[PDB]
Amino acid sequence: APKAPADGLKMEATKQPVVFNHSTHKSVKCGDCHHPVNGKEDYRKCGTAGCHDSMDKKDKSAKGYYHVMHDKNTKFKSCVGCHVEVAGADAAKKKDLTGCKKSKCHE
Ligand code: HEC
Ligand code: HEC
Ligand code: HEC
Ligand code: HEC
């Protein structure tokens, strides 16, 4: 039961830095991004040691770091998923929300 920190949070652990402001995501259940782990809401690094440490281009599974922030066929929502369920009305933003290059995430 913390307090939505002030914007200015960016994730760049891998070879792809992606900024994310809670402001642009302050209308979503914290439980959407911060899923309950070991039966206890977790708000620590998504990756961290012990959790999503998998950082390869192939191997999937829940351990998959890029699989917990892309794939939509997961237990929990991702980043591209929600975006997919959103950027599915126009074939324009689809190249921005789910875009690979020039996208807000991978801009
Ligand atoms: C177009 C469909 C996409 C391609 C191709 C890739 N993504 Fe993303 N992406 C996002 C985040 C938040 C991360 C993790 C940041 C971090 O942990 O540092 C990533 C990471 C990747 C990676 C690296 C995975 C690895 O470590 O091997 C690859 C290869 C990758 N992404 C390819 C965020 C987003 C995002 C925001 C909504 C979108 C639309 C996409 N990613 C889409 C693509
Ligand atoms: C995705 C749509 C998110 C929602 C919804 C909320 N948060 Fe979040 N938060 C998110 C990320 C990607 C990160 C950084 C992790 C990373 O990959 O680097 C965070 C970080 C926090 C933190 C920092 C951890 C700490 O020091 O305690 C806190 C405290 C936090 N977020 C709080 C929070 C609250 C209260 C939310 C609902 C009101 C909430 N987050 C939603 C992604 C997302
Ligand atoms: C260890 C304390 C973890 C941290 C930190 C994060 N997650 Fe996680 N996640 C963890 C486990 C043990 C599992 C598997 C249990 C399950 O619900 O299947 C997961 C699963 C996910 C998934 C589902 C992927 C699938 O294949 O179904 C996603 C999409 C996911 N986790 C995303 C995610 C995000 C966005 C995180 C940071 C806010 C995050 N996880 C942190 C353990 C841990
Ligand atoms: C629904 C539960 C979402 C999840 C999960 C994530 N995002 Fe998201 N994002 C969502 C919406 C509805 C929007 C607004 C799109 C619009 O302009 O109408 C966004 C926007 C972004 C942006 C763009 C910033 C902006 O234009 O204000 C970025 C860069 C972004 N989202 C990144 C992002 C990341 C990194 C996520 C996982 C950590 C993520 N989103 C999850 C809805 C949802």
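## Side note on the site of ligand 1
Okay, step 1: Lining the immediate surroundings of ligand 1 are 20 residues, of which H70, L97, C100, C105 and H106 lie closest.
Okay, step 2: Backbone polar atom of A13 to an oxygen atom of ligand 1: 2.7 Å apart, as the coordinates give it.
Okay, step 3: Classifying every residue of the shell around ligand 1 by side-chain character gives 12 nonpolar, seven polar and one charged.

## Quick word on the pattern of salt bridges
Two side chains that carry opposite charge are able to pair once their charged atoms sit near each other.
Okay, step 1: A complete count under the given rule lists one salt bridge for this structure.
Okay, step 2: In this structure, the salt-bridge partner of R44 is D42, at a minimum N-O distance of 3.1 Å.
Okay, step 3: Assessed through its relative accessible area of 56%, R44 is described here as exposed.

## A few points about the side chain of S78
Okay, step 1: Tracing the backbone shows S78 in the loop between helix 1 (30–33) and helix 2 (80–84).
Okay, step 2: By relative accessible area, which is 9% here, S78 ends up buried.
Okay, step 3: A distance of 2.9 Å separates a polar side-chain atom of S78 from the backbone oxygen of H70.
Okay, step 4: Within the local environment of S78, its side chain forms a polar contact with the backbone oxygen of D71, the two atoms lying 3.2 Å apart.

## What about the UniProt feature "binding site: heme c 3" in the protein chain?
Okay, step 1: Under the feature "binding site: heme c 3", the UniProt entry names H25, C79, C82 and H83. Taken together, the annotated residues stretch across 59 residues yet fold into one region, lying no more than 11.7 Å apart by C-alpha.
Okay, step 2: Taking relative accessible area as the criterion, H25 reaches 36% and is therefore assigned partly exposed.
Okay, step 3: Excluding residues that lie within four positions of it along the chain, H25 makes contacts with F20 and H83.
Okay, step 4: Looking at the element boundaries, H83 is found in helix 2.

## What about the coordination of the iron atom of ligand 4?
Okay, step 1: Protein ligation of the iron atom of ligand 4 involves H25 (NE2) and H83 (NE2), the donor distances falling in the range 1.9 to 2.0 Å.
Okay, step 2: Note that the iron atom of ligand 4 binds six donor atoms; their angles at the metal cover 86 to 178 degrees, and the shape is octahedral. Remark: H83 occurs in helix 2 and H25 occurs in the loop between strand 2 (18–19) and helix 1; sequence separation between them is 58 residues.

The rules behind these values
- Residues numbered from 1 in each chain as written, not as in the entry; some residues may be left out.
- Chains lettered and ligands numbered in written order.
- Heavy atoms only, no water.
- Near = heavy atom within 4 Å.
- Polar contact = N/O pair within 3.5 Å; in protein donor to acceptor, adjacent residues only side chain to side chain.
- Nonpolar A, V, L, I, M, F, W, Y, C, P; charged D, E, K, R; others polar.
- Salt bridge = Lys/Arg side-chain N within 4 Å of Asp/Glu carboxyl O.
- Buried < 20%, exposed > 50% of the residue type's maximum accessible area, 1.4 Å probe, protein only.
- Helix = DSSP H or I, 4+ residues; strand = E, 2+ residues; numbered from the N terminus.
- UniProt positions renumbered as here; feature names shortened; annotations may be inferred.
- Contact = heavy atoms within 4.5 Å.
- Donors = N, O, S within 2.8 Å, 3.2 Å for Na, K, Ca; no water.
- Tetrahedral: all angles 85-135°; square planar, octahedral: opposite > 155°, others 65-115°.

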